[PDB]
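# Examination of the molecular architecture
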Amino acid sequence: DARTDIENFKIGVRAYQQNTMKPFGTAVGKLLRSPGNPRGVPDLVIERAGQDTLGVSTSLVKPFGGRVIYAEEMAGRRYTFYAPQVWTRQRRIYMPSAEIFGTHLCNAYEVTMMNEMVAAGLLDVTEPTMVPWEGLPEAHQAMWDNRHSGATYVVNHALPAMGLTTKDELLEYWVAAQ
Amino acid sequence: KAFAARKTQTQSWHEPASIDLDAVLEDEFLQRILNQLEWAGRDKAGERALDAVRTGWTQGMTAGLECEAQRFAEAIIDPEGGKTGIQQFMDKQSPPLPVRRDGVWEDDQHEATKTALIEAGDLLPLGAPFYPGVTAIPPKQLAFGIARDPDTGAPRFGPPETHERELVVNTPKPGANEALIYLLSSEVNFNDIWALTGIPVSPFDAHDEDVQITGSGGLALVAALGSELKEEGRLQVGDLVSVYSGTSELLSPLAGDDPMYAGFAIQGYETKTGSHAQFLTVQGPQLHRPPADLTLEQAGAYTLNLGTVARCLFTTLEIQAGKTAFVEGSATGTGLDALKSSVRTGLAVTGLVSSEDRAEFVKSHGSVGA
Amino acid sequence: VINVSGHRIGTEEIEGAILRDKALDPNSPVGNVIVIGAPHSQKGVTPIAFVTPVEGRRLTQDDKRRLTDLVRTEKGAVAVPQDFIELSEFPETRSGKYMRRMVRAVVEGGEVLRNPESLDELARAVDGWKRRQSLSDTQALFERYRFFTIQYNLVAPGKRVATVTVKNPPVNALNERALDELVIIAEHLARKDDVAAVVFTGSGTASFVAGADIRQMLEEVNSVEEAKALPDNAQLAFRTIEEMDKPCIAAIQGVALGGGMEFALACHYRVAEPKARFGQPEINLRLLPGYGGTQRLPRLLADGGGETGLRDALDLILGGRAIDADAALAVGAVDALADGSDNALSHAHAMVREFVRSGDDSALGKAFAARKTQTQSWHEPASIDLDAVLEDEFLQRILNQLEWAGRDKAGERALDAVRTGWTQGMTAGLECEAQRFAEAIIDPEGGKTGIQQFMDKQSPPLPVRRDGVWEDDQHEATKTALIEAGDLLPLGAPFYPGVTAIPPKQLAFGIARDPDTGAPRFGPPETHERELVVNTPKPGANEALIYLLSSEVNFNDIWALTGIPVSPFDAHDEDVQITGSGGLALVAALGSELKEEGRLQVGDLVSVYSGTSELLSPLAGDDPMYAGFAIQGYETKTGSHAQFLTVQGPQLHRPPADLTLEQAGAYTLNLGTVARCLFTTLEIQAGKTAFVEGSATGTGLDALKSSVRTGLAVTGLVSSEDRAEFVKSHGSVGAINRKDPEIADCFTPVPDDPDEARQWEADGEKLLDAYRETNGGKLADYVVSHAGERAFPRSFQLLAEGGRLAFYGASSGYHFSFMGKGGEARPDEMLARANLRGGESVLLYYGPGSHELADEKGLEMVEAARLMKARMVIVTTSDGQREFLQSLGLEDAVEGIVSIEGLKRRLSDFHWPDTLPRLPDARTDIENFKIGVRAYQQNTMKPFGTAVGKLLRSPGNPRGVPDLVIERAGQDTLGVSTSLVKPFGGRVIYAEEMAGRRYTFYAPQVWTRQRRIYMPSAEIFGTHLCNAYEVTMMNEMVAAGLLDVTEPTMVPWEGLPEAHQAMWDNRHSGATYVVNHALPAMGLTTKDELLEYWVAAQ
Ligand SMILES: NC(=O)c1ccc[n+]([C@@H]2O[C@H](COP(=O)([O-])OP(=O)(O)OC[C@H]3O[C@@H](n4cnc5c(N)ncnc54)[C@H](OP(=O)(O)O)[C@@H]3O)[C@@H](O)[C@H]2O)c1
Ligand SMILES: NC(=O)c1ccc[n+]([C@@H]2O[C@H](COP(=O)([O-])OP(=O)(O)OC[C@H]3O[C@@H](n4cnc5c(N)ncnc54)[C@H](OP(=O)(O)O)[C@@H]3O)[C@@H](O)[C@H]2O)c1
């Protein structure tokens, strides 16, 4: 685990890449080379229920929509993969009766859609637990220790009072506080 | 003029220099480095370096160059030199280099520097009112994050409550597509912690700065705009805006597909600076108009957690009303935003918690169970 | 009873109006209401509305805003609550009665026993409220006028700075009331010793001040007394600012035009944004500068530039054209520009800061003392010979143009004002200017005509600028002169990026305005498309400069060159238009941000995509085509038919390497449009059939080959047998000759008489027999249309059951028509097809053709949309139909209803057409075509969209635009519905038997905004060009062989006009044309082969 022993964790990640993914991707890449796919990366992997190579396949398939499929019976077997390879690159695994879709943050257009839904009521902004500037380290630690005092934290930088709702209220309270 | 001047410059380098090399080497920081080289096993290389510097400095560049080449060839084949240093760099096990002069953060000198800069007009106190277009943008600012140890150069990672420190850093200048914003608040997200701790990846590996400021989101005022943002005419100095933390290659043809797939990076977590600071530079499309009916505490609180949940539920999963949904961590952060959002979408949402209080909490948000 | 500022009003009257929400909305969060008169600093007493909500309900700010407009519409704006205070409960007595006095006592602070503990919750809310009011009445930061805001800020312990911001929202125009406020503001701030300096600016990013209110000078000035008030008020404000004893900076963040330019000139220092533009367009309305322009502009520019300064000032007044900010600074009309991340307002305040700290040593203190001296000298006669300067030959070309455009008497008035002050002093000029301005306004042959023409879009052109004179006699002589010096490279000259100096002048093909009249010289390409000498552009931060080796020859060029149906000059302010959408070029220079990107490099061989968009908008992540999109060369001022060009980074692409140089920059516009049409819009599938218009040339050919290569049974429309053979040789199942005498006469629009229309449909029977004989009994599953008005109806008739037509053009005309296809469907299913989502805004027509209040299908549609959680507005025919619906308890579904009958009652000139009104072809009759379109917009759309919008406005849809329209087959309002529904994906759906009826709409409303129409048995999707990501997918498929570039028919530089005309006449000598600029040979395949053949030539 990267917490208890990070120097040996980094070595294991590198050995995986250098002795498995790089040699294997190179060989596959030479055969998939084409004017349409210069780097020779698979768009889709057909995995097989009778082995546990899913980590390699998710790590080799193209980033951002790369797909891995199973068609055979997977009952009674364990499969494994490296989590960041699927979510941070948003890769998809289609199985006969189940699907695992990686997802990572959002793009700026989806934010505008989100705020459109917040305006329309379809979404609801959880009211944050406000924290002073000095309380930020404690809020981080409270999250890390799973001792949340509320649903979600926000640090106050320069809000003169809580409850304000317009820019003009902000500036007005500032000149009043002096 | 330049070639004729350089001609006379080089021929003067063949004669001993008129500057005292020994005196400058007494500099406190140049000494800090030497001790750092000792700590990192490069003290021998340092000696060879200063030998060639000193040789050429007193016997002419020629005599120096001759010396430099011999030490370099010796250093390579040296079992304790290049054979160790190069293998170390190539196995990603190299000790850190020292910091730069402009990157020394010492705990005992922070509060003095803060107050001195505030005595001058060089740093605004925290919470200070800022009227865009009127208030002078200070050159310095306060912020939270991690810095490299001045003595060893290693990132001072650790538990947030003891290692996330308030620091005096520079106020950034926006590029042509960037805005400078004065932060009223900042989102407190878990990616802040992964960085501050260095688990499982060091944020310093993605940039070449001696300090890391985290922070992905918040409420801000527009303080300045790059030339192209003014051409766009969407934003305006003085606008109250919430911050979206995603950054991408806005000039890539691939933007039509998804900016997430065009050199994407989360600010504060995968960039040198973030929103846990007084001032921040952001790309244009990071700034948004908050929904009007929200309070100022609400406006800068949700764009990371709720934006992620929105993509997860409506883009990736494409959830269908009436269906069942199982959410982890349904009582805090993203889990709660997902719990709430799926309930409102019309699903039969069940939540996972680690306390009976949290189970009642999610049942009061419309869950069929906990 | 409360006395709201002497207005006696009962609290019950206010309470009742608030309670009406419960009678209008069965889901109202309002439960109980009490209204109290709370003490107010000035109003004396002001009504506060305490409300307890329904169980579980909260009182949103959208609710308070609705309950506020409710008292307004019911009683009056005087009886409006200042705030709405929510409470958990009211003081209830033994039995339940509400103790109004208890609440009144607490609010009023008086001495209130018989009831529960609610009393504490009131005080808490009254306390909180009474404190927000104290802060409002004591705040000294903002002074809020109707069209201005003053923001004070402490700079030194006794010196405040004042920021006066103009705010009249569309363009910050100054109407009379704003001049009234601006006088008071200037006089007040002048007397405040508290205020050390003043900074004027405008809100928003578009305009500082773009002029006086033009409509007001026409509709509210019917006498000289009324007219004289506008100069008199405006000049007094500007004189007050000018003569003030404090530095007054104009921070110009947008355009400063007309009165806004006169506003800035009144100030002591001027700092502007590089995007700001400046001018005096009053002459365009047969007026003149009336707020000081005829005095401060020639005086200011003459002090800076001597005789020439005066000349330059006469250019701006008599010509009336605007200049960019670099020119304004050069001539001396502004003093500084805010480069980089600096902005006008901050810059100004930094000058005030340095002035408070250094006084007269500051740059602002010197400018202020200097201006003082400057102003007083304007009050004496000027030293420059005016009559002599007016002998300048270009000033004469302007005067001769004013007579041509009917503005000579306006010019005479302006020179009179100029000359009066130039000889007698600013004061005499300002008096004469003011009188002449007011005389011109009321003058029937002046303002009354000019303003009318301007608003109705019937003004003649203004002259060209002094620097925009292209005379054909001069071209070849100027070209050689520039070439012989180091300023212009000969056409086809080698260019080694990073080595060859960039010439300042260049050659290009395009259209210039006539130097005598200012009218664009539109005409047939071979006679009117001309080679001109223009400037080599300079790239912006996100832009690149490229040296064009070849150039795509596309139809949009021709539409631009001929000014049909739209002038390319309406979208910019230059004196020359250059077309050209795509080509092959080298990279010559990269802006700061394209060097940061790292993708492009100086020297790269690249193909050009013609799409431009707001790269920095958040909406990029959706589709760049929906983020301020515009095609270069056609919808922008410059194009690729030139030596040099500037483009956005995303326009430049790496061509497939296995292509030749001729192909590389030859296909992107066409095949890219075809790509989005086939693979994105239609989503064509293998095994289906398809019908492709113009299959033998251009986009049609690209579509044919691409559809064949995806595995479809493509037949092509064709006009000559020789082309039908050519099309068949590309793997098609067949072709059809639209000119064959057996079917030629049937390719026409659908007549108005419904009986003729159904006969028209029969007359296409021979056509469908032809198609079917070649497709094993089947009709077209897909259709690609672009010919337009005279082929779309038949192309639609060729569709199969459940087929999908797309189109991206309409060469024959934009008046589209089609006979509906048999088939009925459920509103349920149709809204599903259109992917109706909860929260989207829907428009539904009720009682479409009749006055009978029963429309069973109409109610079914309401029920369908209601079940999908849709914000609905209903449009009925009559008031009886509207009142019929109001008894069906649809309040939880429809946000409102409006009847066409009601709009006709309230709007004399509102027109509801039975069908798209036919207009004269722009080819034949341009001016009357332009007149008819704006009649539709002004008398049909703008009224009907406003009424609908006001009922659909919500936070999620601030501008109240329908996301989808449920049309009705019994009417032909499709032109309205396609014009109203949001652009970029908007949808209209039919769910009823459309057979035997005609339906009409305006072509560009569907394709250029890519709106979709769903019908039971057919679908019409608009498509348009493509985004730069789709281009990467195109070249990707090209390299992979899934797509094939058609070899371009290469023509020389001198042949581009003929090549364009060949396309226009359908006299093609090949498939598509490309113009060669600097390709030394044909068959080259690498950049290094290009440069090596250049050296071999020299
Ligand atoms: N890819 C992205 O873009 C993105 C975006 C946002 C967040 N994240 C990541 O998602 C994770 C959550 O972030 P957050 O904002 O929601 O943090 P949070 O507010 O602190 O909540 C984390 C939740 O995890 C639950 N939890 C902890 N250990 C668990 C376990 N062994 N099994 C089940 N639940 C456990 C806890 O709930 P209970 O104890 O009640 O069960 C806790 O509420 C983080 O790792 C974050 O880095 C990623
Ligand atoms: N929306 C967009 O982005 C976009 C993009 C590209 C092009 N366009 C437009 O689509 C149209 C074609 O562009 P292009 O480059 O392909 O032009 P093109 O190369 O000149 O070909 C147009 C074809 O249309 C056919 N045609 C002319 N009149 C016809 C009629 N009354 N009925 C049926 N067919 C007729 C002709 O073939 P036959 O006469 O042999 O039958 C002709 O070959 C133009 O109007 C263009 O403005 C739009």
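- If you check the header, you'll see the entry was determined by X-ray crystallography and the resolution is listed as 2.7000 Å.

## Topic: the pairing of strand 3 (residues 30–40) of chain C
Residue and element names in this part refer to chain C.
- Judged by how many residues are buried, strand 3 sits mostly within the fold: nine of 11 residues are covered.
- As paired strands, strand 3 and strand 4 (residues 44–53) are joined by 10 bridges and run antiparallel to one another. For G37, the partnering residue across the bridge sits in strand 4 and is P47.

## Some thoughts on the interface of chain B and chain C
- The interface of chain B with chain C comprises 36 residues on the first partner and 44 residues on the second.
- Summed over both sides, the interface of chain B with chain C buries roughly 3100 Å², with 57% coming from carbon and sulfur.
- Taken as a group, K230, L251 and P253 of chain B account for 23% of the area that chain B buries against chain C, more than any other trio of residues on that side.
- Where chain B packs against chain C, one counts two salt bridges.
- At the boundary of chain B with chain C, the tally comes to 12 residue pairs in polar contact.
- Mapped onto the side of chain B that touches chain C, the elements with two or more residues apiece are strand 6 (218–225) and helix 9 (227–232) of chain B.
- Broken down by class, the residue content of the side of chain B that touches chain C amounts to 17 nonpolar, 11 polar and eight charged.

## Notes on the interface of chain B and chain A
- Taken together, the contacts link 80 residues of chain B with 65 residues of chain A.
- Taken together, both faces of the contact between chain B and chain A bury some 6500 Å²; the carbon and sulfur share is 65%.
- Summed over the three residues of chain B that lose the most area to chain A, namely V188, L296 and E297 of chain B, the buried surface amounts to 11% of that side.
- Counting the contacts that link chain B with chain A gives two salt bridges.
- Salt-bridge contacts for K340 of chain B lead to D124 of chain A; the nearest nitrogen and oxygen are separated by 3.2 Å.
- At the boundary of chain B and chain A, one finds 31 residue pairs in polar contact.
- Of all elements in the fold, only strand 1 (140–147), helix 7 (160–163), strand 3 (178–183), strand 4 (185–188), helix 8 (190–197), helix 10 (296–299), helix 11 (303–317) and helix 12 (333–345) of chain B reach the threshold of two or more residues within the side of chain B that touches chain A.
- For the side of chain B that touches chain A, the class distribution of residues is 43 nonpolar, 23 polar and 14 charged.
- Of the pairings in the sheet, the one linking strand 6 (residues 153–156) of chain A to strand 4 of chain B comprises four bridges and is antiparallel in character.

## Structural notes on the site of ligand 1
- In the region of ligand 1, 18 residues are neighbours, and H148 of chain A together with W194, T332, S354 and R358 of chain B sit closest.
- Two or more chains meet at ligand 1, and those chains are chains A and B.
- Note that an oxygen atom of ligand 1 is positioned 2.5 Å from one of the side-chain N or O atoms of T332 of chain B.
- For ligand 1, whose accessible area on its own is 920 Å², the fraction buried by protein is 68%.
- Breaking the shell around ligand 1 down by element, the ones donating at least two residues are helix 8, helix 11 and helix 12 of chain B.
- Looking at the shell around ligand 1, the element that brings in the most residues is helix 11 of chain B, giving three residues.
- When its residues are assigned to classes, the shell around ligand 1 shows seven nonpolar, 10 polar and one charged.

## Remarks on the packing of aromatic side chains
All names here are of chain C.
- For the structure on display, the rule yields 48 aromatic pairs over all chains.
- Taking the centre distance of 5.8 Å and the plane angle of 35° together, the rings of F818 and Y999 count as tilted. Highlighted residues: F818 in strand 31 (residues 815–819) and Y999 in strand 37 (residues 998–1002), separated in sequence by 181 residues. Judged on exposure class, the residue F818 and its partner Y999 are both buried.
- Clustering of aromatic rings is evident, with ring pairs tying together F792, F796, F807, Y814, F816, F818, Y990, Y999, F1001, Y1002 and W1007.
- Looking at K821, its charged tip hangs above the ring of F796, at a distance of 4.6 Å from the centre.

## Things to note about the sheet that holds strand 38 (residues 1012–1014) of chain C
Residue and element names in this part refer to chain C.
- Ordered in space as 28-27-26-29-30-39-38-36-35-32-33-34, the 12 strands form an open sheet in which the pairing is mixed. The open sheet has two free edges, formed respectively by strand 28 (734–737) and strand 34 (894–899), since each of these has just one partner strand. The sheet shows a mean angle of 15° between the axes of neighbouring strands, taken without regard to direction.
- Pairing analysis gives three bridges linking strand 26 (residues 689–692) to strand 29 (residues 780–785), with the strands arranged parallel. Directly across from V692, in strand 29, lies its bridge partner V784.
- Contacting strand 32 (841–845), strand 33 (871–876) and strand 35 (964–966), helix 30 (residues 856–867) crosses the sheet at an angle of about 165° to strand 33.

Each value, and the rule that gives it
- Residues numbered from 1 in each chain as written, not as in the entry; some residues may be left out.
- Chains lettered and ligands numbered in written order.
- Part of a larger assembly, values for the part shown.
- Heavy atoms only, no water.
- Buried < 20%, exposed > 50% of the residue type's maximum accessible area, 1.4 Å probe, protein only.
- Helix = DSSP H or I, 4+ residues; strand = E, 2+ residues; numbered from the N terminus.
- Pairing = 2+ DSSP bridges.
- Contact = heavy atoms within 4.5 Å.
- Buried area = accessible area lost by both parts, 1.4 Å probe.
- Salt bridge = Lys/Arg side-chain N within 4 Å of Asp/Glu carboxyl O.
- Polar contact = N/O pair within 3.5 Å; in protein donor to acceptor, adjacent residues only side chain to side chain.
- Nonpolar A, V, L, I, M, F, W, Y, C, P; charged D, E, K, R; others polar.
- Near = heavy atom within 4 Å.
- Areas by Shrake-Rupley, 256 points an atom, 1.4 Å probe, with all protein chains shown as cover.
- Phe/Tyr/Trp six-rings, centres within 6.5 Å; stacked < 30°, edge-to-face > 60°.
- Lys NZ or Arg CZ within 6 Å of the ring centre and 35° of its normal.
- Axes fitted to C-alpha atoms, helices over the stretch in contact; angles between N-to-C directions.

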